[PDB]
Every structure is written in structure tokens, then in C-alpha cells.
file work11.cif (mmCIF, C-alpha atoms and all ligand atoms)
data_my_file
loop_
_atom_site.label_atom_id
_atom_site.label_comp_id
_atom_site.auth_asym_id
_atom_site.auth_seq_id
_atom_site.Cartn_x
_atom_site.Cartn_y
_atom_site.Cartn_z
CA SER A 12 0.00 0.00 0.00
CA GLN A 13 0.99 3.68 -0.20
CA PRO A 14 -0.90 6.75 1.11
CA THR A 15 -1.73 9.70 -1.02
CA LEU A 16 -0.02 13.05 -0.62
CA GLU A 17 -3.34 14.47 0.57
CA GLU A 18 -3.46 11.83 3.33
CA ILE A 19 0.15 12.59 4.29
CA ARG A 20 -0.32 16.35 4.58
CA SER A 21 -3.46 15.78 6.66
CA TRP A 22 -1.26 14.21 9.38
CA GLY A 23 0.34 17.63 9.77
CA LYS A 24 -2.95 19.42 10.52
CA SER A 25 -3.62 17.58 13.78
CA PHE A 26 -2.41 14.59 15.81
CA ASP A 27 -5.98 13.29 15.65
CA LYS A 28 -5.72 13.06 11.85
CA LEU A 29 -2.45 11.17 12.19
CA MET A 30 -3.81 8.78 14.82
CA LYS A 31 -7.01 8.03 12.86
CA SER A 32 -5.07 6.94 9.77
CA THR A 33 -4.04 3.32 9.26
CA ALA A 34 -1.09 4.58 7.21
CA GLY A 35 -0.28 7.47 9.56
CA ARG A 36 0.04 5.19 12.60
CA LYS A 37 2.65 3.03 10.85
CA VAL A 38 4.87 5.88 9.66
CA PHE A 39 4.52 7.46 13.10
CA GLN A 40 5.37 4.14 14.78
CA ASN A 41 8.43 3.89 12.49
CA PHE A 42 9.51 7.32 13.62
CA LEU A 43 8.99 6.40 17.27
CA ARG A 44 11.09 3.26 16.80
CA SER A 45 13.88 5.48 15.47
CA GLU A 46 13.44 7.35 18.76
CA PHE A 47 13.35 4.29 21.04
CA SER A 48 9.80 5.07 22.18
CA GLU A 49 7.66 2.83 19.97
CA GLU A 50 6.31 1.17 23.14
CA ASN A 51 4.18 4.29 23.56
CA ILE A 52 2.06 3.73 20.45
CA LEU A 53 2.07 -0.06 20.80
CA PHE A 54 0.66 0.31 24.35
CA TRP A 55 -1.87 2.82 23.06
CA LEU A 56 -2.96 0.48 20.27
CA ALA A 57 -3.18 -2.43 22.73
CA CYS A 58 -5.56 -0.41 24.91
CA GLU A 59 -7.80 0.41 21.92
CA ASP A 60 -7.90 -3.26 20.98
CA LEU A 61 -8.75 -4.25 24.57
CA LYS A 62 -11.82 -2.00 24.40
CA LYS A 63 -13.32 -4.23 21.73
CA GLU A 64 -13.41 -7.22 24.09
CA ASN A 65 -16.83 -8.00 25.63
CA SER A 66 -16.09 -11.16 27.65
CA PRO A 67 -14.76 -10.38 31.15
CA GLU A 68 -12.58 -13.55 31.10
CA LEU A 69 -10.79 -12.38 27.94
CA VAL A 70 -10.68 -8.79 29.16
CA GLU A 71 -8.65 -10.14 32.08
CA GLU A 72 -6.47 -12.40 29.90
CA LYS A 73 -5.60 -9.57 27.50
CA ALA A 74 -5.21 -6.98 30.26
CA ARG A 75 -2.67 -9.12 32.15
CA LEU A 76 -0.57 -9.28 28.97
CA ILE A 77 -0.77 -5.54 28.35
CA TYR A 78 0.41 -4.94 31.92
CA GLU A 79 3.24 -7.45 31.56
CA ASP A 80 4.37 -6.10 28.17
CA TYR A 81 4.13 -2.34 28.80
CA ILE A 82 3.89 -1.45 32.50
CA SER A 83 5.59 -4.14 34.60
CA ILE A 84 9.34 -4.40 35.28
CA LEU A 85 9.04 -7.52 33.12
CA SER A 86 8.57 -5.19 30.15
CA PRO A 87 11.54 -4.81 27.76
CA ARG A 88 10.91 -1.09 28.11
CA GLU A 89 7.94 0.14 30.08
CA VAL A 90 5.85 3.20 29.22
CA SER A 91 6.42 6.12 31.61
CA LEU A 92 3.63 6.45 34.20
CA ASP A 93 3.58 8.51 37.41
CA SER A 94 2.93 6.75 40.73
CA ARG A 95 -0.64 8.07 40.94
CA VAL A 96 -1.57 6.40 37.64
CA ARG A 97 0.41 3.21 38.33
CA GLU A 98 -1.48 2.71 41.60
CA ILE A 99 -4.84 3.21 39.87
CA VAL A 100 -3.99 0.64 37.17
CA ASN A 101 -2.73 -1.86 39.80
CA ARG A 102 -5.99 -1.61 41.69
CA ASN A 103 -7.98 -1.89 38.43
CA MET A 104 -6.16 -5.11 37.60
CA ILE A 105 -7.83 -7.04 40.40
CA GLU A 106 -10.97 -7.29 38.28
CA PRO A 107 -9.97 -5.96 34.86
CA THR A 108 -12.44 -4.05 32.72
CA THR A 109 -12.08 -2.46 29.26
CA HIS A 110 -11.36 0.81 31.05
CA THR A 111 -8.64 -0.53 33.37
CA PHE A 112 -5.90 1.40 31.56
CA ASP A 113 -7.79 4.61 30.72
CA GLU A 114 -5.64 6.86 32.94
CA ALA A 115 -2.40 5.44 31.56
CA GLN A 116 -3.63 5.41 27.96
CA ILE A 117 -4.50 9.13 28.17
CA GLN A 118 -1.16 9.99 29.76
CA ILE A 119 0.65 8.14 26.97
CA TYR A 120 -1.51 9.70 24.21
CA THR A 121 -0.77 13.16 25.68
CA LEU A 122 2.93 12.25 25.74
CA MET A 123 3.01 11.29 22.05
CA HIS A 124 0.91 14.36 21.23
CA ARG A 125 3.15 16.88 22.97
CA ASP A 126 6.63 15.38 22.82
CA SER A 127 7.16 13.07 19.85
CA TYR A 128 4.51 14.48 17.48
CA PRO A 129 6.09 17.93 17.00
CA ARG A 130 9.44 16.19 16.29
CA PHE A 131 7.77 13.84 13.79
CA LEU A 132 6.46 16.90 11.94
CA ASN A 133 9.99 18.39 11.90
CA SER A 134 11.53 15.08 10.76
CA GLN A 135 13.19 14.62 7.36
CA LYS A 136 11.04 11.54 6.81
CA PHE A 137 7.78 13.48 7.08
CA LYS A 138 9.17 16.46 5.18
CA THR A 139 10.21 14.17 2.33
CA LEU A 140 6.95 12.16 2.37
CA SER A 141 5.18 15.53 2.09
CA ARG A 142 6.88 16.50 -1.18
CA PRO A 143 4.78 16.50 -4.38
CA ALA A 144 5.66 14.43 -7.44
CA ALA A 145 6.60 16.15 -10.69
CA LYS A 146 3.70 16.61 -13.11
CA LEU A 147 5.14 15.73 -16.51
CA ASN A 148 3.57 17.25 -19.61
CL CL B 201 -2.86 18.62 17.33
CL CL B 202 3.78 -0.40 40.71
CL CL B 203 -6.47 8.07 24.29
NA NA B 204 -16.11 -5.61 28.30
#

call {"tool": "encode", "arguments": {"input": "work11.cif", "output": "C-alpha cells"}}
result
Amino acid sequence: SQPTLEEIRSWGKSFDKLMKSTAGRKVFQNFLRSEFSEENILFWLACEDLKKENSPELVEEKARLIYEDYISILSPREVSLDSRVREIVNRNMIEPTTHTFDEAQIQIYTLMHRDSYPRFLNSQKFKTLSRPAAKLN
């Protein structure tokens, strides 16, 4: 696949536009990987996926894995959460729901929005992706 130039430039109008695009998420995730922070978007995507789950048994099964992969010391590299949010998530993990990670997910979305997103816009990758093609005639 390959996104149109219109789609690309839309990512630069708002983070929302970027995050709502299947293509925009991947390029953004590639940029985050280059920045050693791709765990931020992967955690965020895992939380969105968890929200789709209706069965409480599977909510718990998937939630335990999200905690292990992104929040616990077991994680290869955990997302950055303050102690207030960590304590809330810990308590929510006793009987997981689809909203167990809401506080952490928001904190991480705000992080990507304010820290890594401006740098993605200023990146050579985005600046090059944003260049038109020649119109031959
Ligand atoms: Cl924005
Ligand atoms: Cl903890
Ligand atoms: Cl969010
Ligand atoms: Na549910």
C-alpha cells in the first residue's frame, strides 16, 4: 500500500488526523522506533484493541498481557507512568475491565501528542513524504 499526498499532509494538521489513519500510525510508529519510544504507540494500540473485548474472562487475559508487556518491570521497556496512575492501574487489575488502563492510555496519548509528534512533523522523513511528485507534460 501507499498513502496519497493528501493523506500525508493531513497528518500535519492535527495529531488526531495522524492517529485516525491506518497509514499514519505506521509511519509514526516507524519514527517512534527510530526514537526508542515505539512502546508508547504499541501500548496505546493495545488499549484500543482491549476495548473491543466484551467477555470479562478475555478482558482479564488480554489486560494481564498488556500490563506485563508495557507497564511491569518484566517489560523490555515500560511506558512512563507517574505513581498516581500506576497505583490506579494496579488496583484496576484485580478485576480488569475495558477501562482498566484509561488513565495510563491518556497519559501516553498526551505524551506522544506533545513530545514526539512535534518532532515527527519536523523530521526529514515526514518532510520528504510531504513533497509532491513532478507533473510531466
Ligand atoms: Cl494537534
Ligand atoms: Cl507499581
Ligand atoms: Cl487516548
Ligand atoms: Na467488556

call {"tool": "atom_distance", "arguments": {"input": "work11.cif", "atom1": "CA of residue 92 in chain A", "atom2": "CA of residue 110 in chain A"}}
result
16.3 Å

call {"tool": "closest_atom_pairs", "arguments": {"input": "work11.cif", "of": "chain A", "to": "ligand CL 201 (chain B)", "cutoff": "12 Å", "atoms": "only C-alpha atoms and all ligand atoms", "output": "Markdown table"}}
result
| residue | atom | partner | partner_atom | distance |
| --- | --- | --- | --- | --- |
| A:21 | CA | B:CL201 | CL | 11.1 |
| A:22 | CA | B:CL201 | CL | 9.2 |
| A:23 | CA | B:CL201 | CL | 8.3 |
| A:24 | CA | B:CL201 | CL | 6.9 |
| A:25 | CA | B:CL201 | CL | 3.8 |
| A:26 | CA | B:CL201 | CL | 4.3 |
| A:27 | CA | B:CL201 | CL | 6.4 |
| A:28 | CA | B:CL201 | CL | 8.3 |
| A:29 | CA | B:CL201 | CL | 9.1 |
| A:30 | CA | B:CL201 | CL | 10.2 |
| A:120 | CA | B:CL201 | CL | 11.3 |
| A:121 | CA | B:CL201 | CL | 10.2 |
| A:123 | CA | B:CL201 | CL | 10.5 |
| A:124 | CA | B:CL201 | CL | 6.9 |
| A:125 | CA | B:CL201 | CL | 8.4 |
| A:126 | CA | B:CL201 | CL | 11.4 |
| A:127 | CA | B:CL201 | CL | 11.7 |
| A:128 | CA | B:CL201 | CL | 8.5 |
| A:129 | CA | B:CL201 | CL | 9.0 |
| A:132 | CA | B:CL201 | CL | 10.9 |

call {"tool": "residues_near_point", "arguments": {"input": "work11.cif", "point": "(-10.9, -3.0, 27.4)", "cutoff": "9 Å", "atoms": "all atoms listed in the file", "output": "list in words"}}
result
residues 58, 59, 60, 61, 62, 63, 64, 65, 70, 71, 73, 74, 107, 108, 109, 110, 111, 112 and 113 of chain A

call {"tool": "closest_residue", "arguments": {"input": "work11.cif", "among": "A:100, A:119, A:145, A:105", "to": "ligand CL 202 (chain B)", "atoms": "all atoms listed in the file"}}
result
A:100

call {"tool": "closest_residue", "arguments": {"input": "work11.cif", "among": "A:94, A:118, A:33, A:66", "to": "ligand CL 202 (chain B)", "atoms": "only C-alpha atoms and all ligand atoms"}}
result
A:94

call {"tool": "atom_distance", "arguments": {"input": "work11.cif", "atom1": "CA of residue 52 in chain A", "atom2": "CA of residue 32 in chain A"}}
result
13.2 Å

call {"tool": "closest_residue", "arguments": {"input": "work11.cif", "among": "A:84, A:34, A:76, A:56", "to": "ligand CL 202 (chain B)", "atoms": "all atoms listed in the file"}}
result
A:84

call {"tool": "residues_near_ligand", "arguments": {"input": "work11.cif", "ligand": "ligand CL 202 (chain B)", "cutoff": "12 Å", "atoms": "only C-alpha atoms and all ligand atoms", "output": "list in words"}}
result
residues 78, 79, 82, 83, 84, 85, 89, 91, 92, 93, 94, 95, 96, 97, 98, 99, 100, 101, 102 and 104 of chain A

call {"tool": "closest_residue", "arguments": {"input": "work11.cif", "among": "A:12, A:87, A:103, A:17", "to": "residue 49 in chain A", "atoms": "all atoms listed in the file"}}
result
A:87

call {"tool": "atom_distance", "arguments": {"input": "work11.cif", "atom1": "CA of residue 122 in chain A", "atom2": "CA of residue 51 in chain A"}}
result
8.3 Å

call {"tool": "residues_near_point", "arguments": {"input": "work11.cif", "point": "(5.1, 11.1, 4.9)", "cutoff": "10 Å", "atoms": "only C-alpha atoms", "output": "ChimeraX atom specification"}}
result
/A:13-16,18-23,34-35,38-39,131-132,134-142
